[PDB]
């Protein structure tokens, strides 16, 4: 996260860190005791055993409850950056309670309205290409950018009905590498997306692009 502040305990009861090979990699969202939602690109085709989920902590490396993966399922229409969601099943069930809880999801067919305030969180870099990452979870608030403006920035084909965008024109506030798969929420803390892609991080006039939970509820609901 670029331009962020430290998340408080319980800000995102459902957030998980996704380590790979013991190191930082992605974020995700705990949907139920047995299931994490993340970005497809975080997991597609990689060795499944390399991943470790941790819930209930502000750190990636201690606290809370861990699990390995039992299975990985990408969206059936995943292609390039499009439809960038995956369902992970956990080898260890994680109970809610305390600072762990399960996400509530954006309504099917909803689409975040331009100008509304969204909050994104993760353990990723704090600058584009930064090598160091924070121990504790960061968050930042950015407005939704209309799909039309996002298509002006990236091209018409590049931004689909299963993506939405968020950021500020001046840049300086965004998700970055290592934040992929983690949550973006609306002002009510309802999960509206997963961190997906963008042109660099926090650049002027290049929004962050998010996989849209509202657009992808059939897949989520079927397999969660």
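Residue numbers count along the first chain shown, from 1. Only the largest set of C-alpha atoms that superpose within 1.5 Å between the two forms is called the rigid core.
Asks: Give, as the answer, the stretch of 126 to 134 and 143 to 151 that departs more from the shown form in 9 other deposited structures of this protein; the measure is RMS Cα distance after a core fit.
Replies: Farther on average in 9 other deposited structures of this protein: 126 to 134.
Asks: 127 to 135 versus 97 to 105: which one carries the higher mean Cα B factor per the record?
Replies: Higher mean C-alpha B-factor: 127 to 135.
Asks: Identify, among 148, 118, 85, 121, the residue whose C-alpha carries the highest B-factor in the deposited PDB entry.
Replies: Of the candidates given, the C-alpha B-factor peaks at 148.
Asks: Which of these, 206, 14, 210, 25, has its C-alpha atom at the highest B-factor, as the entry lists it?
Replies: Highest CA B-factor of the listed options: 206.
Asks: If you rank every modelled residue in this chain by C-alpha B factor, which third holds residue 159: lowest, middle or highest?
Replies: CA B-factor rank for residue 159: middle third.
Asks: Taking the values exactly as deposited, rank residue 181 by C-alpha B-factor within its chain and report the matching third: lowest, middle or highest.
Replies: Its C-alpha B-factor belongs to the lowest third of this chain's values.
Asks: By its CA B factor, does residue 196 count among the lowest, middle or highest third of the modelled residues in the chain?
Replies: Ranked within chain, residue 196 CA B lands in the lowest tercile.
Asks: How does residue 175 rank on Cα B-factor within its chain, lowest, middle or highest third?
Replies: As the PDB entry reports it, the C-alpha B-factor of residue 175 lands in the middle third of its chain.
Asks: Based on the entry's values, in what third of the chain does the Cα temperature factor of residue 52 lie: lowest, middle or highest?
Replies: According to the entry, residue 52 has a C-alpha B-factor in the chain's middle third.
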